[PDB]
file model.txt (compact mmCIF, N, CA and C atoms)
# COMPACT_ATOMS: atom_id res chain seq x y z
N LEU A 150 94.21 104.70 57.45
CA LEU A 150 95.67 104.57 57.40
C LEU A 150 96.07 103.10 57.28
N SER A 151 97.34 102.86 56.95
CA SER A 151 97.86 101.50 56.78
C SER A 151 98.05 100.76 58.11
N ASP A 152 98.64 101.45 59.09
CA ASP A 152 98.93 100.89 60.42
C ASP A 152 99.73 99.59 60.35
N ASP A 153 101.04 99.72 60.12
CA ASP A 153 101.93 98.57 59.97
C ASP A 153 102.23 97.90 61.31
N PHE A 154 102.60 98.71 62.30
CA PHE A 154 102.96 98.21 63.62
C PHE A 154 101.96 98.60 64.71
N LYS A 155 101.76 97.68 65.65
CA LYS A 155 100.89 97.92 66.80
C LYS A 155 101.70 98.27 68.05
N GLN A 156 101.10 99.09 68.92
CA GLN A 156 101.77 99.59 70.11
C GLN A 156 101.42 98.80 71.38
N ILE A 157 102.35 98.80 72.33
CA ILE A 157 102.19 98.07 73.60
C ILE A 157 102.57 98.93 74.81
N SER A 158 102.07 98.55 75.98
CA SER A 158 102.30 99.30 77.22
C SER A 158 103.73 99.13 77.75
N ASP A 159 104.15 97.88 77.90
CA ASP A 159 105.49 97.56 78.38
C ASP A 159 106.22 96.63 77.41
N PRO A 160 107.53 96.84 77.20
CA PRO A 160 108.29 95.95 76.32
C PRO A 160 108.58 94.60 76.97
N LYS A 161 108.78 93.57 76.15
CA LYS A 161 109.04 92.22 76.64
C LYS A 161 110.53 91.95 76.81
N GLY A 162 111.23 91.79 75.69
CA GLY A 162 112.64 91.43 75.70
C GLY A 162 112.85 89.98 75.31
N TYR A 163 114.02 89.68 74.77
CA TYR A 163 114.33 88.33 74.28
C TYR A 163 115.04 87.46 75.32
N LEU A 164 115.82 88.09 76.19
CA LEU A 164 116.60 87.38 77.19
C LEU A 164 116.06 87.60 78.60
N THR A 165 115.70 86.51 79.27
CA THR A 165 115.13 86.56 80.62
C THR A 165 115.96 85.78 81.64
N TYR A 166 115.54 85.83 82.90
CA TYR A 166 116.27 85.20 84.00
C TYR A 166 115.57 83.96 84.55
N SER A 167 116.38 83.00 85.02
CA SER A 167 115.88 81.79 85.68
C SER A 167 116.65 81.55 86.97
N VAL A 168 116.09 80.72 87.86
CA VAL A 168 116.69 80.47 89.17
C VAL A 168 116.35 79.08 89.72
N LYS A 169 117.29 78.50 90.47
CA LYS A 169 117.06 77.26 91.21
C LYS A 169 117.37 77.49 92.69
N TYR A 170 116.32 77.60 93.49
CA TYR A 170 116.45 77.89 94.92
C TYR A 170 116.87 76.67 95.74
N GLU A 171 117.39 76.93 96.94
CA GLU A 171 117.67 75.89 97.92
C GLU A 171 116.82 76.18 99.15
N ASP A 172 115.78 75.38 99.36
CA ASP A 172 114.77 75.65 100.39
C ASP A 172 115.22 75.28 101.81
N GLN A 173 116.49 75.56 102.13
CA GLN A 173 117.04 75.31 103.46
C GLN A 173 118.10 76.34 103.87
N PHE A 174 118.17 77.44 103.13
CA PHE A 174 119.14 78.50 103.40
C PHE A 174 118.45 79.84 103.66
N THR A 175 117.92 79.99 104.87
CA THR A 175 117.18 81.20 105.25
C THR A 175 117.92 81.98 106.34
N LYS A 176 118.10 83.28 106.11
CA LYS A 176 118.70 84.17 107.09
C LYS A 176 117.67 84.60 108.13
N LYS A 177 118.10 84.66 109.39
CA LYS A 177 117.21 84.97 110.51
C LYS A 177 117.07 86.47 110.80
N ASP A 178 117.42 87.30 109.82
CA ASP A 178 117.28 88.75 109.93
C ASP A 178 116.29 89.29 108.91
N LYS A 179 115.06 89.54 109.36
CA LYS A 179 114.02 90.10 108.50
C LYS A 179 114.23 91.61 108.38
N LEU A 180 114.93 92.02 107.32
CA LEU A 180 115.24 93.43 107.09
C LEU A 180 114.03 94.20 106.55
N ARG A 181 114.12 95.53 106.60
CA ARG A 181 113.02 96.40 106.17
C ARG A 181 113.49 97.75 105.65
N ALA A 182 112.69 98.34 104.76
CA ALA A 182 112.97 99.65 104.17
C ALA A 182 111.67 100.42 103.93
N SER A 183 111.79 101.62 103.36
CA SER A 183 110.63 102.45 103.03
C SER A 183 109.87 101.90 101.81
N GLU A 184 108.73 102.51 101.50
CA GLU A 184 107.86 102.04 100.42
C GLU A 184 108.39 102.38 99.03
N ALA A 185 108.98 103.56 98.89
CA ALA A 185 109.66 103.94 97.64
C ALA A 185 111.06 103.35 97.59
N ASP A 186 111.60 103.00 98.77
CA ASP A 186 112.82 102.21 98.87
C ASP A 186 112.54 100.75 98.49
N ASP A 187 111.26 100.38 98.53
CA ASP A 187 110.82 99.03 98.16
C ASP A 187 110.49 98.91 96.68
N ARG A 188 109.71 99.86 96.16
CA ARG A 188 109.15 99.75 94.81
C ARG A 188 110.21 99.62 93.71
N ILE A 189 111.11 100.60 93.62
CA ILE A 189 112.15 100.62 92.59
C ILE A 189 113.03 99.36 92.63
N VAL A 190 113.55 99.04 93.82
CA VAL A 190 114.31 97.81 94.04
C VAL A 190 113.46 96.84 94.87
N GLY A 191 112.54 96.16 94.20
CA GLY A 191 111.56 95.29 94.85
C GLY A 191 111.48 93.88 94.31
N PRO A 192 111.03 93.73 93.04
CA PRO A 192 110.91 92.40 92.43
C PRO A 192 112.27 91.77 92.16
N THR A 193 113.30 92.61 92.01
CA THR A 193 114.67 92.15 91.78
C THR A 193 115.26 91.47 93.02
N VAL A 194 114.73 91.81 94.19
CA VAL A 194 115.13 91.18 95.45
C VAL A 194 114.51 89.79 95.55
N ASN A 195 113.28 89.65 95.04
CA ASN A 195 112.55 88.38 95.08
C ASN A 195 112.84 87.45 93.90
N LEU A 196 113.84 87.81 93.10
CA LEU A 196 114.36 86.94 92.05
C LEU A 196 115.71 86.38 92.50
N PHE A 197 116.36 87.10 93.41
CA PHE A 197 117.62 86.67 94.01
C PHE A 197 117.45 86.46 95.51
N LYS A 198 116.51 85.59 95.88
CA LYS A 198 116.26 85.24 97.28
C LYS A 198 117.49 84.56 97.87
N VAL B 248 118.68 73.11 64.16
CA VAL B 248 119.18 73.96 63.07
C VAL B 248 118.00 74.65 62.38
N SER B 249 116.84 74.01 62.47
CA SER B 249 115.60 74.52 61.90
C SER B 249 114.88 75.47 62.86
N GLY B 250 115.00 75.20 64.16
CA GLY B 250 114.41 76.05 65.20
C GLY B 250 115.18 77.34 65.41
N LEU B 251 116.50 77.27 65.23
CA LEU B 251 117.37 78.43 65.33
C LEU B 251 117.24 79.32 64.09
N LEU B 252 116.77 78.73 62.99
CA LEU B 252 116.44 79.47 61.78
C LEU B 252 115.08 80.16 61.93
N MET B 253 114.20 79.54 62.72
CA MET B 253 112.84 80.04 62.93
C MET B 253 112.79 81.19 63.95
N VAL B 254 113.69 81.15 64.93
CA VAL B 254 113.81 82.22 65.93
C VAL B 254 114.40 83.49 65.29
N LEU B 255 115.10 83.31 64.17
CA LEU B 255 115.68 84.42 63.40
C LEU B 255 114.62 85.05 62.49
N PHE B 256 113.56 84.30 62.20
CA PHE B 256 112.45 84.79 61.38
C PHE B 256 111.55 85.74 62.17
N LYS B 257 111.25 85.37 63.42
CA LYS B 257 110.35 86.14 64.28
C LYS B 257 110.91 87.50 64.67
N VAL B 258 112.22 87.55 64.93
CA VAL B 258 112.91 88.79 65.29
C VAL B 258 113.00 89.76 64.10
N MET B 259 112.97 89.21 62.89
CA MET B 259 113.06 89.99 61.66
C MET B 259 111.72 90.63 61.28
N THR B 260 110.63 89.90 61.49
CA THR B 260 109.28 90.38 61.13
C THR B 260 108.58 91.11 62.29
N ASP B 261 109.38 91.71 63.17
CA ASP B 261 108.88 92.43 64.34
C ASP B 261 108.31 93.80 63.96
N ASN B 262 107.36 94.29 64.76
CA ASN B 262 106.77 95.62 64.56
C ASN B 262 106.03 96.11 65.81
N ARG B 263 106.77 96.79 66.69
CA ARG B 263 106.23 97.27 67.96
C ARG B 263 106.77 98.64 68.35
N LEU B 264 105.88 99.49 68.86
CA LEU B 264 106.25 100.82 69.34
C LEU B 264 105.97 100.93 70.84
N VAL B 265 107.00 101.26 71.61
CA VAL B 265 106.88 101.41 73.06
C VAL B 265 106.18 102.71 73.44
N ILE B 266 105.17 102.59 74.29
CA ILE B 266 104.38 103.73 74.75
C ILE B 266 104.53 103.92 76.26
N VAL B 267 104.92 105.13 76.66
CA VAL B 267 105.03 105.50 78.07
C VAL B 267 103.67 105.38 78.74
N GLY B 268 103.59 104.49 79.72
CA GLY B 268 102.35 104.25 80.44
C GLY B 268 102.57 103.99 81.92
N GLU B 269 101.65 104.51 82.73
CA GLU B 269 101.59 104.24 84.17
C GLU B 269 102.55 105.07 85.04
N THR B 270 103.66 105.54 84.45
CA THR B 270 104.77 106.21 85.17
C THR B 270 104.41 107.05 86.40
N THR B 271 105.16 106.86 87.49
CA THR B 271 104.98 107.64 88.72
C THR B 271 106.31 108.23 89.22
N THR B 272 106.22 109.32 89.98
CA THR B 272 107.40 109.98 90.54
C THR B 272 107.43 109.95 92.07
N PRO B 273 108.57 109.53 92.66
CA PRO B 273 108.74 109.52 94.10
C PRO B 273 109.36 110.82 94.63
N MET B 274 109.37 110.98 95.95
CA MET B 274 109.96 112.17 96.58
C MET B 274 111.34 111.89 97.17
N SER B 275 112.12 112.95 97.36
CA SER B 275 113.47 112.86 97.90
C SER B 275 113.48 112.47 99.38
N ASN B 276 112.42 112.84 100.10
CA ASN B 276 112.25 112.47 101.51
C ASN B 276 111.97 110.99 101.73
N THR B 277 111.49 110.31 100.69
CA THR B 277 111.09 108.90 100.80
C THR B 277 112.01 107.93 100.05
N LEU B 278 113.30 108.24 100.01
CA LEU B 278 114.29 107.37 99.36
C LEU B 278 115.62 107.38 100.10
N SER B 279 116.29 106.23 100.12
CA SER B 279 117.64 106.12 100.66
C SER B 279 118.62 106.86 99.76
N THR B 280 119.63 107.48 100.37
CA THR B 280 120.63 108.27 99.64
C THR B 280 121.42 107.46 98.61
N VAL B 281 121.24 106.14 98.64
CA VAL B 281 121.92 105.23 97.72
C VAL B 281 121.02 104.88 96.52
N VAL B 282 119.71 104.89 96.75
CA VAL B 282 118.73 104.61 95.69
C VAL B 282 118.24 105.91 95.04
N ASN B 283 118.49 107.03 95.72
CA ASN B 283 118.06 108.35 95.26
C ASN B 283 118.80 108.82 94.00
N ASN B 284 120.12 108.67 94.00
CA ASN B 284 120.97 109.08 92.88
C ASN B 284 120.82 108.23 91.62
N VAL B 285 120.33 107.00 91.79
CA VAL B 285 120.08 106.08 90.67
C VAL B 285 118.92 106.58 89.80
N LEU B 286 117.81 106.91 90.45
CA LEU B 286 116.65 107.49 89.78
C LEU B 286 116.98 108.86 89.22
N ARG B 287 116.75 109.04 87.92
CA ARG B 287 117.01 110.32 87.27
C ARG B 287 116.02 111.36 87.79
N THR B 288 114.75 111.22 87.42
CA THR B 288 113.66 111.99 88.03
C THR B 288 112.39 111.14 88.19
N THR B 289 112.07 110.36 87.15
CA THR B 289 110.83 109.59 87.10
C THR B 289 111.06 108.16 86.60
N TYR B 290 110.85 107.19 87.48
CA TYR B 290 110.91 105.78 87.09
C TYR B 290 109.63 105.36 86.40
N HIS B 291 109.77 104.52 85.37
CA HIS B 291 108.63 103.96 84.66
C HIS B 291 107.80 103.13 85.63
N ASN B 292 106.48 103.32 85.62
CA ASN B 292 105.59 102.51 86.45
C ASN B 292 105.81 101.06 86.11
N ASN B 293 105.49 100.19 87.06
CA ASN B 293 105.91 98.81 87.00
C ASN B 293 107.35 98.78 87.50
N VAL B 294 107.95 97.59 87.50
CA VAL B 294 109.23 97.37 88.15
C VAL B 294 110.14 96.51 87.27
N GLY B 295 111.45 96.68 87.44
CA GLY B 295 112.43 95.95 86.64
C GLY B 295 113.40 95.13 87.46
N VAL B 296 113.89 94.04 86.87
CA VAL B 296 114.89 93.18 87.51
C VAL B 296 116.29 93.44 86.94
N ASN B 297 117.24 93.71 87.83
CA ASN B 297 118.61 94.06 87.46
C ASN B 297 119.54 93.97 88.67
N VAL C 248 117.20 89.58 157.30
CA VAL C 248 118.58 89.08 157.33
C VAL C 248 118.64 87.68 156.72
N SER C 249 117.51 86.98 156.79
CA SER C 249 117.35 85.65 156.24
C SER C 249 116.95 85.68 154.76
N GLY C 250 116.18 86.69 154.38
CA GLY C 250 115.76 86.88 152.99
C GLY C 250 116.87 87.42 152.11
N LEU C 251 117.73 88.25 152.70
CA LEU C 251 118.89 88.81 152.02
C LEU C 251 119.99 87.75 151.87
N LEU C 252 119.94 86.73 152.72
CA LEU C 252 120.82 85.57 152.62
C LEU C 252 120.32 84.63 151.53
N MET C 253 119.00 84.61 151.34
CA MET C 253 118.35 83.72 150.37
C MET C 253 118.45 84.25 148.93
N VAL C 254 118.45 85.58 148.79
CA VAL C 254 118.62 86.22 147.48
C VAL C 254 120.06 86.05 146.97
N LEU C 255 120.98 85.80 147.90
CA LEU C 255 122.38 85.55 147.59
C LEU C 255 122.60 84.10 147.17
N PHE C 256 121.67 83.23 147.56
CA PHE C 256 121.71 81.81 147.19
C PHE C 256 121.30 81.60 145.73
N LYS C 257 120.24 82.28 145.32
CA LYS C 257 119.67 82.13 143.97
C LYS C 257 120.60 82.65 142.87
N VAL C 258 121.29 83.76 143.15
CA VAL C 258 122.24 84.35 142.21
C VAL C 258 123.51 83.49 142.05
N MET C 259 123.81 82.69 143.08
CA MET C 259 124.98 81.81 143.09
C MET C 259 124.74 80.52 142.30
N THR C 260 123.53 79.97 142.42
CA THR C 260 123.18 78.70 141.75
C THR C 260 122.56 78.91 140.36
N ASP C 261 122.93 80.02 139.72
CA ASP C 261 122.42 80.38 138.39
C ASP C 261 123.08 79.55 137.29
N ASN C 262 122.36 79.36 136.19
CA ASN C 262 122.88 78.64 135.02
C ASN C 262 122.05 78.91 133.76
N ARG C 263 122.43 79.96 133.03
CA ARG C 263 121.70 80.39 131.84
C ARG C 263 122.63 80.88 130.73
N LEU C 264 122.30 80.50 129.49
CA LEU C 264 123.05 80.94 128.32
C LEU C 264 122.14 81.75 127.40
N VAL C 265 122.56 82.98 127.10
CA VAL C 265 121.80 83.88 126.23
C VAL C 265 121.93 83.48 124.76
N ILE C 266 120.79 83.36 124.09
CA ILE C 266 120.73 82.97 122.69
C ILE C 266 120.12 84.09 121.85
N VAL C 267 120.86 84.51 120.82
CA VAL C 267 120.39 85.51 119.86
C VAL C 267 119.13 85.01 119.17
N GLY C 268 118.03 85.74 119.37
CA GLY C 268 116.75 85.37 118.79
C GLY C 268 115.95 86.58 118.34
N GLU C 269 115.26 86.42 117.22
CA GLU C 269 114.30 87.40 116.71
C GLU C 269 114.91 88.59 115.94
N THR C 270 116.17 88.92 116.22
CA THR C 270 116.86 90.14 115.71
C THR C 270 116.47 90.62 114.31
N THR C 271 116.24 91.92 114.18
CA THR C 271 115.93 92.55 112.89
C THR C 271 116.82 93.77 112.62
N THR C 272 116.99 94.11 111.34
CA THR C 272 117.80 95.25 110.93
C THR C 272 116.98 96.34 110.22
N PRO C 273 117.12 97.60 110.66
CA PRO C 273 116.45 98.73 110.01
C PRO C 273 117.31 99.38 108.92
N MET C 274 116.71 100.27 108.15
CA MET C 274 117.42 100.98 107.08
C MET C 274 117.78 102.41 107.48
N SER C 275 118.78 102.97 106.80
CA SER C 275 119.27 104.33 107.06
C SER C 275 118.25 105.40 106.66
N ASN C 276 117.44 105.09 105.65
CA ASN C 276 116.37 105.98 105.19
C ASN C 276 115.21 106.11 106.18
N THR C 277 115.08 105.13 107.07
CA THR C 277 113.95 105.09 108.01
C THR C 277 114.34 105.34 109.47
N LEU C 278 115.34 106.20 109.68
CA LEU C 278 115.78 106.57 111.03
C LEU C 278 116.21 108.03 111.11
N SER C 279 115.93 108.66 112.25
CA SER C 279 116.40 110.01 112.53
C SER C 279 117.91 110.00 112.71
N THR C 280 118.57 111.07 112.26
CA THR C 280 120.03 111.19 112.32
C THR C 280 120.59 111.14 113.74
N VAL C 281 119.69 111.20 114.73
CA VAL C 281 120.06 111.15 116.14
C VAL C 281 119.95 109.73 116.70
N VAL C 282 119.03 108.94 116.14
CA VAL C 282 118.83 107.55 116.55
C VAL C 282 119.64 106.60 115.67
N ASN C 283 120.09 107.11 114.52
CA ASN C 283 120.85 106.33 113.54
C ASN C 283 122.24 105.93 114.03
N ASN C 284 122.96 106.90 114.60
CA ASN C 284 124.32 106.69 115.11
C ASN C 284 124.40 105.81 116.36
N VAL C 285 123.29 105.72 117.09
CA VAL C 285 123.20 104.89 118.30
C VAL C 285 123.24 103.40 117.94
N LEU C 286 122.41 103.01 116.97
CA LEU C 286 122.40 101.65 116.44
C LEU C 286 123.71 101.34 115.73
N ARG C 287 124.36 100.26 116.15
CA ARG C 287 125.62 99.84 115.53
C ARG C 287 125.34 99.37 114.10
N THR C 288 124.68 98.22 113.97
CA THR C 288 124.14 97.77 112.68
C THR C 288 122.78 97.07 112.86
N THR C 289 122.69 96.22 113.88
CA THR C 289 121.51 95.39 114.11
C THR C 289 121.08 95.38 115.57
N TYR C 290 119.91 95.95 115.85
CA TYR C 290 119.33 95.90 117.19
C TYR C 290 118.67 94.55 117.44
N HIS C 291 118.82 94.05 118.66
CA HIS C 291 118.17 92.81 119.08
C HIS C 291 116.66 92.98 118.98
N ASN C 292 115.98 92.01 118.39
CA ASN C 292 114.51 92.04 118.33
C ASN C 292 113.98 92.13 119.74
N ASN C 293 112.77 92.67 119.85
CA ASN C 293 112.24 93.09 121.14
C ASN C 293 112.85 94.47 121.41
N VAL C 294 112.51 95.04 122.55
CA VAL C 294 112.82 96.43 122.85
C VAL C 294 113.34 96.58 124.28
N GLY C 295 114.15 97.61 124.50
CA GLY C 295 114.75 97.85 125.81
C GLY C 295 114.42 99.21 126.40
N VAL C 296 114.41 99.28 127.73
CA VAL C 296 114.17 100.53 128.44
C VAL C 296 115.47 101.11 128.99
N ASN C 297 115.74 102.37 128.66
CA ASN C 297 116.98 103.06 129.03
C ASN C 297 116.85 104.57 128.81
call {"tool": "encode", "arguments": {"input": "model.txt", "output": "structure tokens"}}
result
Amino acid sequence: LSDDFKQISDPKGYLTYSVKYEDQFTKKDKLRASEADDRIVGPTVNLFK
Amino acid sequence: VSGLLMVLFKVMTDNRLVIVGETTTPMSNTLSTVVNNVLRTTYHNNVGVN
Amino acid sequence: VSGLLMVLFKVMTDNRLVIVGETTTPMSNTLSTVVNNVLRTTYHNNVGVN
């Protein structure tokens, strides 16, 4: 066959996110949730620390 | 002006097909009532930022 | 009669200020519907007997 396009596992995207943290603004409440409460909404929490 | 012309070249000569991979399904007992309604039935394995 | 007089001395010369320390917050998905309503929003870290 010709095979014009190749396949991938996960898509990339053209527009991404960046951040500039302030290493002196920490809340003293270490919150917690379930494991499936963690997975779906997980890495998005660690991009908006 | 030349780099913005070149970024328009790469997006034009694209050729990719998305393949469902890794996907897992959670249970209703293991989710908050606020995160439960967001998930249709099965979230794609791996995680997204939003 | 002398020891009961002395226990009244220590309570009188007291001087302490309570400082919020350690406190953590739990989620609604991880509590029984009977223990959920008891907690206002945030229980003081450490544990109490009652």
call {"tool": "atom_distance", "arguments": {"input": "model.txt", "atom1": "atom N of residue B:269", "atom2": "atom CA of residue C:274"}}
result
29.2 Å
call {"tool": "closest_atom_pairs", "arguments": {"input": "model.txt", "of": "stretch 268-296 of chain C", "to": "stretch 158-182 of chain A", "cutoff": "7 Å", "atoms": "all atoms listed in the file", "output": "CSV"}}
result
residue,atom,partner,partner_atom,distance
C:269,C,A:177,C,6.0
C:270,C,A:178,CA,4.8
C:271,CA,A:179,N,4.7
C:272,C,A:180,CA,4.6
C:273,CA,A:181,N,5.2
C:274,N,A:181,C,4.8
C:277,N,A:182,CA,6.5
call {"tool": "calpha_fit_and_write", "arguments": {"input": "model.txt", "fixed": "chain B", "moving": "chain C", "output": "compact mmCIF listing (two decimals) with N, CA and C atoms, in the frame of the given file"}}
result
# COMPACT_ATOMS: atom_id res chain seq x y z
N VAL C 248 118.68 73.11 64.17
CA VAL C 248 119.18 73.96 63.07
C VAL C 248 118.01 74.65 62.38
N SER C 249 116.84 74.01 62.46
CA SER C 249 115.60 74.52 61.90
C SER C 249 114.88 75.47 62.86
N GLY C 250 115.00 75.20 64.16
CA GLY C 250 114.41 76.05 65.20
C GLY C 250 115.18 77.34 65.41
N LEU C 251 116.50 77.27 65.23
CA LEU C 251 117.37 78.43 65.33
C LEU C 251 117.24 79.32 64.09
N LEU C 252 116.76 78.73 62.99
CA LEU C 252 116.44 79.46 61.78
C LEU C 252 115.09 80.16 61.93
N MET C 253 114.21 79.54 62.72
CA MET C 253 112.84 80.04 62.93
C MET C 253 112.80 81.20 63.95
N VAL C 254 113.70 81.15 64.93
CA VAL C 254 113.82 82.22 65.92
C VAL C 254 114.40 83.49 65.29
N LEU C 255 115.10 83.32 64.17
CA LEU C 255 115.67 84.41 63.40
C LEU C 255 114.63 85.05 62.49
N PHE C 256 113.57 84.30 62.20
CA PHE C 256 112.45 84.79 61.38
C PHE C 256 111.56 85.75 62.17
N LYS C 257 111.26 85.37 63.41
CA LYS C 257 110.34 86.14 64.27
C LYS C 257 110.91 87.51 64.68
N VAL C 258 112.22 87.55 64.93
CA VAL C 258 112.90 88.79 65.30
C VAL C 258 113.01 89.77 64.10
N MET C 259 112.97 89.21 62.89
CA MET C 259 113.06 89.99 61.65
C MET C 259 111.72 90.64 61.28
N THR C 260 110.63 89.90 61.49
CA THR C 260 109.28 90.38 61.13
C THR C 260 108.58 91.11 62.29
N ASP C 261 109.38 91.71 63.17
CA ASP C 261 108.88 92.43 64.34
C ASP C 261 108.32 93.80 63.96
N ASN C 262 107.37 94.29 64.76
CA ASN C 262 106.77 95.62 64.56
C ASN C 262 106.03 96.11 65.81
N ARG C 263 106.77 96.79 66.68
CA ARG C 263 106.23 97.27 67.95
C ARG C 263 106.77 98.64 68.34
N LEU C 264 105.88 99.49 68.87
CA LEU C 264 106.25 100.81 69.34
C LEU C 264 105.96 100.92 70.84
N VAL C 265 107.00 101.26 71.61
CA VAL C 265 106.88 101.41 73.06
C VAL C 265 106.18 102.71 73.44
N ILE C 266 105.17 102.60 74.29
CA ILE C 266 104.38 103.73 74.75
C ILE C 266 104.52 103.92 76.25
N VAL C 267 104.93 105.12 76.66
CA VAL C 267 105.03 105.50 78.07
C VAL C 267 103.67 105.38 78.73
N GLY C 268 103.59 104.49 79.72
CA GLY C 268 102.34 104.25 80.44
C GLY C 268 102.57 103.99 81.92
N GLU C 269 101.65 104.51 82.73
CA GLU C 269 101.59 104.24 84.16
C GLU C 269 102.56 105.07 85.04
N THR C 270 103.66 105.54 84.45
CA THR C 270 104.78 106.21 85.18
C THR C 270 104.41 107.05 86.40
N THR C 271 105.16 106.86 87.48
CA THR C 271 104.98 107.64 88.72
C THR C 271 106.31 108.23 89.21
N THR C 272 106.22 109.32 89.99
CA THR C 272 107.39 109.99 90.54
C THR C 272 107.43 109.95 92.08
N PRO C 273 108.56 109.52 92.65
CA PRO C 273 108.74 109.52 94.11
C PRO C 273 109.36 110.82 94.63
N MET C 274 109.37 110.98 95.94
CA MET C 274 109.95 112.17 96.58
C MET C 274 111.33 111.89 97.18
N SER C 275 112.11 112.95 97.36
CA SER C 275 113.47 112.87 97.91
C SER C 275 113.48 112.46 99.39
N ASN C 276 112.42 112.84 100.10
CA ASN C 276 112.25 112.47 101.51
C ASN C 276 111.97 110.98 101.73
N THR C 277 111.49 110.31 100.69
CA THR C 277 111.09 108.90 100.80
C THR C 277 112.00 107.93 100.05
N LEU C 278 113.30 108.24 100.00
CA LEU C 278 114.29 107.37 99.36
C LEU C 278 115.62 107.39 100.10
N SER C 279 116.29 106.23 100.12
CA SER C 279 117.64 106.12 100.66
C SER C 279 118.61 106.86 99.76
N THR C 280 119.63 107.48 100.37
CA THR C 280 120.63 108.27 99.64
C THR C 280 121.42 107.47 98.61
N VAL C 281 121.25 106.14 98.64
CA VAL C 281 121.91 105.23 97.72
C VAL C 281 121.02 104.89 96.52
N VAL C 282 119.70 104.89 96.75
CA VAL C 282 118.73 104.61 95.70
C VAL C 282 118.24 105.90 95.04
N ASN C 283 118.49 107.03 95.72
CA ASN C 283 118.07 108.35 95.26
C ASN C 283 118.80 108.82 94.00
N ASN C 284 120.12 108.67 94.00
CA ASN C 284 120.98 109.08 92.88
C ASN C 284 120.82 108.23 91.62
N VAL C 285 120.32 107.01 91.79
CA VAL C 285 120.08 106.08 90.67
C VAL C 285 118.92 106.57 89.80
N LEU C 286 117.81 106.91 90.45
CA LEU C 286 116.65 107.49 89.78
C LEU C 286 116.98 108.87 89.22
N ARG C 287 116.75 109.04 87.92
CA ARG C 287 117.01 110.32 87.27
C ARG C 287 116.02 111.36 87.80
N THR C 288 114.75 111.22 87.42
CA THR C 288 113.66 111.99 88.03
C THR C 288 112.39 111.13 88.19
N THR C 289 112.07 110.36 87.15
CA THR C 289 110.83 109.59 87.09
C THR C 289 111.06 108.17 86.60
N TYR C 290 110.85 107.19 87.48
CA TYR C 290 110.91 105.78 87.10
C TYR C 290 109.63 105.36 86.40
N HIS C 291 109.77 104.52 85.37
CA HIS C 291 108.63 103.96 84.66
C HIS C 291 107.80 103.13 85.63
N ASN C 292 106.49 103.32 85.62
CA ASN C 292 105.59 102.51 86.45
C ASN C 292 105.81 101.06 86.10
N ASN C 293 105.49 100.20 87.06
CA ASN C 293 105.91 98.80 87.00
C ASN C 293 107.36 98.78 87.49
N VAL C 294 107.95 97.59 87.51
CA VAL C 294 109.23 97.37 88.15
C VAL C 294 110.14 96.51 87.27
N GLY C 295 111.45 96.68 87.44
CA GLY C 295 112.43 95.95 86.64
C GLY C 295 113.40 95.13 87.47
N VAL C 296 113.90 94.04 86.87
CA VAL C 296 114.89 93.18 87.51
C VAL C 296 116.28 93.43 86.94
N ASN C 297 117.24 93.71 87.83
CA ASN C 297 118.61 94.05 87.46
C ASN C 297 119.54 93.97 88.67
call {"tool": "closest_residue", "arguments": {"input": "model.txt", "among": "B:278, B:266, B:255, B:248", "to": "chain C", "atoms": "all atoms listed in the file"}}
result
B:278
call {"tool": "closest_residue", "arguments": {"input": "model.txt", "among": "A:150, A:183, A:191, A:157", "to": "residue C:276", "atoms": "all atoms listed in the file"}}
result
A:183
call {"tool": "atom_distance", "arguments": {"input": "model.txt", "atom1": "atom C of residue B:263", "atom2": "atom N of residue A:196"}}
result
27.9 Å
call {"tool": "interface_residues", "arguments": {"input": "model.txt", "of": "chain B", "to": "chain A", "cutoff": "8 Å", "atoms": "only C-alpha atoms", "output": "list in words"}}
result
residues 262, 263, 264, 265, 266, 267, 268, 273, 277, 278, 279, 282, 290, 294, 295, 296 and 297 of chain B
call {"tool": "atom_distance", "arguments": {"input": "model.txt", "atom1": "atom N of residue B:288", "atom2": "atom CA of residue C:275"}}
result
21.3 Å
call {"tool": "select_by_dssp", "arguments": {"input": "model.txt", "residues": "chain A", "states": "alpha helix (DSSP H)", "output": "PyMOL selection string"}}
result
chain A and resi 185-188
call {"tool": "axis_aligned_box", "arguments": {"input": "model.txt", "around": "stretch 150-153 of chain A", "padding_each_side": "6 Å", "output": "lines of an AutoDock Vina configuration file"}}
result
center_x = 98.2
center_y = 101.3
center_z = 59.0
size_x = 20.0
size_y = 18.8
size_z = 16.5
call {"tool": "decode", "arguments": {"input": "model.txt", "residues": "stretch 172-176 of chain A", "atoms": "N, CA, C and O atoms", "output": "CSV table (one decimal), in the first residue's frame"}}
result
chain,number,residue,atom,x,y,z
A,172,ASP,N,8.1,31.3,44.4
A,172,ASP,CA,8.5,30.2,45.4
A,172,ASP,C,8.4,30.7,46.9
A,172,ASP,O,9.3,30.4,47.7
A,173,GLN,N,7.4,31.5,47.2
A,173,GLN,CA,7.2,32.0,48.6
A,173,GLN,C,5.7,32.1,48.9
A,173,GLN,O,5.3,32.8,49.9
A,174,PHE,N,4.8,31.5,48.1
A,174,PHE,CA,3.4,31.6,48.4
A,174,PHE,C,2.8,30.2,48.5
A,174,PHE,O,2.2,29.6,47.6
A,175,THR,N,3.0,29.6,49.7
A,175,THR,CA,2.5,28.2,50.0
A,175,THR,C,1.4,28.2,51.0
A,175,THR,O,1.5,28.8,52.1
A,176,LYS,N,0.3,27.5,50.7
A,176,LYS,CA,-0.8,27.4,51.6
A,176,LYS,C,-0.5,26.2,52.6
A,176,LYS,O,0.0,25.2,52.2
